[PDB]
């Protein structure tokens, strides 16, 4: 359909298109599938490339083919902040990137970008108490996929997040593919 363009950019520029985030990482426990799938959202289809250049040429190639808009995170220019590791001490949740496993290790950036210092808590009351209750707010997500951002935004739909989190499962089945 359109992923037939996706391989097309992997082919054209052979060693320089890693693929979309779903392919490069996975949530450790089945538990966190719903929280990780809520935090990553659109960035699960966000094509990770090596340079801003290959980024640019991929967008040009796409326009020619007259295909749907894609996002490229260029590892060469991606401007991310270092994970605040002091948050590993919060007595309720744990950082979201500590629950994702990726590979290769150098795409580490694309992850610090999608995740930042996001947090994953147990229930809704907990995610709220430590997102809004502190002097500094923290993006926080509960296991049912309800999100409390630093901006005040709040979101959910536990039933849709559930169906969406099954992509991680079909993705494992392709480890045997």
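Residue numbers count along the first chain shown, from 1.
On average, are the C-alpha B-factors higher in 19-27 or in 149-157?
-> The recorded data point to 19-27.
Third assignment of residue 37 from its chain's C-alpha B-factors | Its C-alpha B-factor belongs to the lowest third of this chain's values.
Ranked against its chain, the third holding the CA B-factor of residue 70 | Answer is lowest: the recorded C-alpha B-factor places it there.
Against its chain's modelled residues, does residue 78's Cα B factor rank lowest, middle or highest third?
-> For residue 78, the deposited C-alpha B-factor lands in the lowest third.
Split the chain's modelled residues into thirds by Cα B-factor; is residue 93 in the lowest, middle or highest one?
-> Within its chain, residue 93 is a highest-third residue by C-alpha B-factor, going by the deposited values.
Using the B-factors in the PDB entry, rank residue 123's C-alpha atom against the chain and give the third, lowest, middle or highest.
-> Tercile = highest for this residue's CA B-factor.
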